[PDB]
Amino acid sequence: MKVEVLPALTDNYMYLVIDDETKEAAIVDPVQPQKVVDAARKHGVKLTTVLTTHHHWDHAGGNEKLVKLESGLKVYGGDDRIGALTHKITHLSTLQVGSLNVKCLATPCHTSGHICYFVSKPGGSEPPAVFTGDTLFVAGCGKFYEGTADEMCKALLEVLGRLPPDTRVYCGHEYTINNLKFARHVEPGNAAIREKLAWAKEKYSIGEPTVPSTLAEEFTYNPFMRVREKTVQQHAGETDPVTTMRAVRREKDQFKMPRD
């Protein structure tokens, strides 16, 4: 399995997911379709499938155009608002991309039809990957546009959180530096936050993406994944994960980003 990161717009990421065995490929959130076709031609792969994390235009807005550029595509998604949808899927729906297995995970909160895609190789030895859209970012999470704090706790701690620790996390946006500046405010004594922030500023300087991260890493530095940690609860002034999540998300929504 190979994953190519394709920057789009100002700070979005699309992902070309290649099956090494058949050379069949999938594209996650193809908002700039000519870049998708250029990348598939560069790697000599056959695009067969579109995996759409949610209906927001910055993720699904290129679907109509892509199905006119390329024929025979199967467009997957969990919401009727998604453009050019052909296969409506739900929690635990499965499909194949060549030899790769894909499992759809419903993570409603940022939008009510959000789906994360868990991709693996049955019987293989390589680590799996999870395409998290605007549910889980590197050191952050999506704004709660169509959902509650309880729903984000379920998505992060029970659905994504119970996946293998070595799972590679490939999110919707390049928000890593600002997410870690907020994390550093929540937990001033956490060294993993500080070292990941120095690493992210170096990657931004050389023009390289900050994805993927891993689920084990998210549990060390992401305040929203750490709502069961006493430091985060004490910062929020709460004693359970749901009220803590609600408080930390409201605080980040109003936070002024420092310039360093």
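Residue numbers here begin at 1 and follow the sequence given.
Judged by mean Cα B factor in the deposited record, 40-48 ranks above the other of 229-237 and 40-48. The PDB entry reports B-factors from which the mean C-alpha value can be compared for 126-134 and 89-97; the larger average falls on 89-97. The residue among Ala198, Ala60, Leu66, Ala216 whose C-alpha carries the highest B-factor in the deposited model is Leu66. When the Cα B-factors of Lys35, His56, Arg194, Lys203 are read from the PDB record, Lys35 comes out highest. The deposited CA B-factor of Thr107 belongs to the lowest third of values across its chain. Split the chain's modelled residues into thirds by C-alpha temperature factor. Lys74 is in the highest one. Annotation for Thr243: C-alpha temperature factor in the middle third relative to the rest of the modelled chain, per the entry. Per the PDB record, residue ranking by Cα B-factor puts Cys141 in the lowest third of the chain. When the modelled residues of the chain are ordered by C-alpha B-factor, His185 sits in the middle third.
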